[PDB]
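Report on one structure; see the data block that follows.
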Amino acid sequence: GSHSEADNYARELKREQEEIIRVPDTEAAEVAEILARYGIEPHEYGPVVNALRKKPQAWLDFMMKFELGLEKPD
Amino acid sequence: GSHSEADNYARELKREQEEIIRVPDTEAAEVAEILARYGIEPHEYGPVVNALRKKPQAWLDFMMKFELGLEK
Ligand SMILES: [Fe+2]
Ligand SMILES: [Fe+2]
Ligand SMILES: [Zn+2]
Ligand SMILES: [Zn+2]
Ligand SMILES: [Zn+2]
Ligand SMILES: [Zn+2]
Ligand SMILES: [Zn+2]
Ligand SMILES: [Zn+2]
Ligand SMILES: [Zn+2]
């Protein structure tokens, strides 16, 4: 009918947290790749990546926005 | 008549570029506040903000994607 199953946001959010847990080193590389697109260098974004890694909740929301182009609702 | 998807981006690109030229420091603050949203501390996001300022087109692209949600 009209849809009420856990939306693309709920699903992607599930996916993205499991990746962060299982292959953090791959998701770190994803952040480097995103920031490098804007001419930023490792010495500049190295500390940003390393900060996000220490903060699983922050990291999840960052990946939702910068990788998947999805905002946290409200 | 027509309202091109190209035209709206060029409209939005013009406006944003004019900001960057007239009020760069205000535009820099926009980046800092988006990064700081995700618990990245000034000592960590500062050089990224400083890196975008030195690459104006990258800076512009970064606003266009992450402030306005648009792509090329
Ligand atoms: Fe990711
Ligand atoms: Fe802006
Ligand atoms: Zn239906
Ligand atoms: Zn349907
Ligand atoms: Zn993923
Ligand atoms: Zn991934
Ligand atoms: Zn018309
Ligand atoms: Zn019209
Ligand atoms: Zn602005």
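Please note that chains go A, B, ... in the order of the structure tokens, that every chain numbers its residues from 1, and that ligands are numbered from 1 in the order shown.
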**Request:** Hey, list the chain A side of the contact with chain B: 8 Å cut-off, only C-alpha atoms, answer as a PyMOL selection string.
**Result:** chain A and resi 38-40+44-45+47-48+51-52+55+58-59+61-62+66+69
**Request:** List all protein, DNA and RNA residues that have at least one atom no more than 9 Å from any atom of ligand 8, counting only C-alpha atoms and all ligand atoms, and write them as an MDAnalysis selection string.
**Result:** chainID B and resid 1:3
Taking only C-alpha atoms and all ligand atoms into account, which residues are within 8 Å of ligand 3, as an mmCIF file with N, CA, C and O atoms, in the first residue's frame?
data_model
loop_
_atom_site.group_PDB
_atom_site.id
_atom_site.type_symbol
_atom_site.label_atom_id
_atom_site.label_comp_id
_atom_site.auth_asym_id
_atom_site.auth_seq_id
_atom_site.Cartn_x
_atom_site.Cartn_y
_atom_site.Cartn_z
ATOM 1 N N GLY A 1 0.856 -1.228 0.000
ATOM 2 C CA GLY A 1 0.000 0.000 0.000
ATOM 3 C C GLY A 1 0.865 1.241 0.000
ATOM 4 O O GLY A 1 1.777 1.329 -0.846
ATOM 5 N N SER A 2 0.577 2.176 0.899
ATOM 6 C CA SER A 2 1.555 3.193 1.366
ATOM 7 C C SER A 2 2.506 2.468 2.328
ATOM 8 O O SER A 2 2.079 1.488 2.960
ATOM 9 N N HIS A 3 3.774 2.863 2.369
ATOM 10 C CA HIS A 3 4.847 2.045 2.982
ATOM 11 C C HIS A 3 5.084 2.488 4.430
ATOM 12 O O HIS A 3 4.995 3.707 4.707
#
With the cut-off set at 12 Å and counting only C-alpha atoms and all ligand atoms, tabulate each residue of chain A with an atom at most that distance from an atom of ligand 5, showing the nearest atom pair and its distance in Å to one decimal, ordered by chain and increasing number, as CSV.
residue,atom,partner,partner_atom_place_in_ligand_line,distance
A:11,CA,ligand 5,1 (Zn),10.7
A:12,CA,ligand 5,1 (Zn),7.4
A:13,CA,ligand 5,1 (Zn),8.8
A:14,CA,ligand 5,1 (Zn),9.4
A:15,CA,ligand 5,1 (Zn),6.1
A:16,CA,ligand 5,1 (Zn),4.6
A:17,CA,ligand 5,1 (Zn),8.1
A:18,CA,ligand 5,1 (Zn),8.4
A:19,CA,ligand 5,1 (Zn),6.0
A:20,CA,ligand 5,1 (Zn),8.1
A:21,CA,ligand 5,1 (Zn),11.0
A:22,CA,ligand 5,1 (Zn),10.9
A:23,CA,ligand 5,1 (Zn),9.9
A:24,CA,ligand 5,1 (Zn),10.5
A:26,CA,ligand 5,1 (Zn),9.4
A:27,CA,ligand 5,1 (Zn),7.5
A:28,CA,ligand 5,1 (Zn),11.3
A:29,CA,ligand 5,1 (Zn),11.7
A:30,CA,ligand 5,1 (Zn),9.1
A:31,CA,ligand 5,1 (Zn),11.4
A:59,CA,ligand 5,1 (Zn),11.6
A:60,CA,ligand 5,1 (Zn),9.5
A:61,CA,ligand 5,1 (Zn),11.7
A:62,CA,ligand 5,1 (Zn),11.5
A:63,CA,ligand 5,1 (Zn),7.7
A:64,CA,ligand 5,1 (Zn),8.5
A:65,CA,ligand 5,1 (Zn),11.5
A:66,CA,ligand 5,1 (Zn),11.3
A:67,CA,ligand 5,1 (Zn),8.0
A:68,CA,ligand 5,1 (Zn),8.1
A:69,CA,ligand 5,1 (Zn),11.9
**7 Å shell around ligand 2 using only C-alpha atoms and all ligand atoms, listed as a list in words** = residues 16, 27, 30, 63 and 67 of chain B
Output C-alpha atoms for every residue in the selection just made, as a PDB file, in the first residue's frame.
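Wrote it out as part-v6.pdb, contents follow:
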ATOM      1  CA  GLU B  16      27.408  30.724  -3.078  1.00  0.00           C
ATOM      2  CA  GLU B  27      31.561  30.837   4.744  1.00  0.00           C
ATOM      3  CA  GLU B  30      29.704  27.365   7.844  1.00  0.00           C
ATOM      4  CA  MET B  63      29.545  24.062   0.286  1.00  0.00           C
ATOM      5  CA  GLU B  67      25.814  22.920   2.892  1.00  0.00           C
TER       6      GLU B  67
END
**Message:** Let's see if you can do this: from backbone DSSP, list all alpha helix (DSSP H) residues in chain B, as a PyMOL selection string.
**Reply:** chain B and resi 5-22+24-36+42-53+56-62
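The spacing separating CA of residue 41 (chain A) from CA of residue 32 (chain B) amounts to 17.2 Å.
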**Request:** Select the residues contacting ligand 9 at a distance of at most 10 Å, based on only C-alpha atoms and all ligand atoms, then format the selection as a list in words.
**Result:**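 Result of the 10 Å neighbour search around ligand 9: residues 15, 16, 17, 18, 19, 20, 23, 24, 25, 26, 27, 28, 29, 30, 31, 63, 67 and 68 of chain B.
We find CA of residue 36 (chain B) and CA of residue 33 (chain A) to be spaced 19.4 Å apart.
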**Request:** Could you check how far CA of residue 9 (chain B) sits from CA of residue 72 (chain A), in Å to one decimal?
**Result:** 24.1 Å
